[PDB]
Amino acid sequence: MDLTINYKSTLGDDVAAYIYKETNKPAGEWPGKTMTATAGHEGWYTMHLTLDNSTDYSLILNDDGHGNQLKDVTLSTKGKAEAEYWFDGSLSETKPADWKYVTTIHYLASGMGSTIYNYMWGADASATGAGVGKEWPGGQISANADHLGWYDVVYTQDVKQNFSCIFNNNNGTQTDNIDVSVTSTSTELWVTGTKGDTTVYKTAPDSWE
């Protein structure tokens, strides 16, 4: 299942989430997984994880191995398909009012030129991003500066609504329909291939350098 934890740090700018159940440590050995500064939310840090929903887990927020940790709290994840938590004085599953759902999708363009488009449909009316309110081929998207051959598109919504999109070059090359499941306020996906050969990754693939 897709886990997301946001923490308004009270332990400094270097923090991690340690998760455990019966000696299972899905976020890694102590101190766990480092939480990255949350985009668009000063003071917050965020980590994502895939874990086995066969069980609940315990969470220990800490300063990433530098001697300080908060008291354990239970993540009642058993049987759930997804879960996003906010920790700001206490554990919450309620999105803060000012937060949006920001979905980032990376596409690896190979031998289809340097002008790439993203066509999008099915999102909430509040949606903003390259392809909103645009008929085929959609909106043109820029290249990822740090990753060669990749292009990025970001769709922001006020509500947690799934949608679909297609990457293309407006010249006969396009992906399969990409069905985007929004599982958190900072959902990230990686896409490769074209029609018949489109693959969607929920964690960065080896192709992501």
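All residue numbers are counted from 1 along the displayed sequence.
- Between 159 to 167 and 138 to 146, the higher mean Cα B-factor belongs to 138 to 146.
- Relative to its counterpart among 196 to 204 and 17 to 25, 196 to 204 has the higher mean temperature factor, C-alpha atoms as listed in the PDB entry.
- Out of 127, 81, 109, 97, it is 109 whose C-alpha atom has the highest B-factor in the PDB entry.
- Of the candidates 56, 42, 176, 179, the PDB record gives 176 the highest C-alpha temperature factor.
- Annotation for residue 73: CA B-factor lies in the lowest third of the chain's modelled residues.
- Among all modelled residues in its chain, residue 101 ranks in the middle third by Cα B-factor.
- Placement of the Cα temperature factor of residue 89 within the chain: lowest third of the modelled residues, per the deposited record.
- Placement of the Cα temperature factor of residue 65 within the chain: middle third of the modelled residues, per the deposited record.
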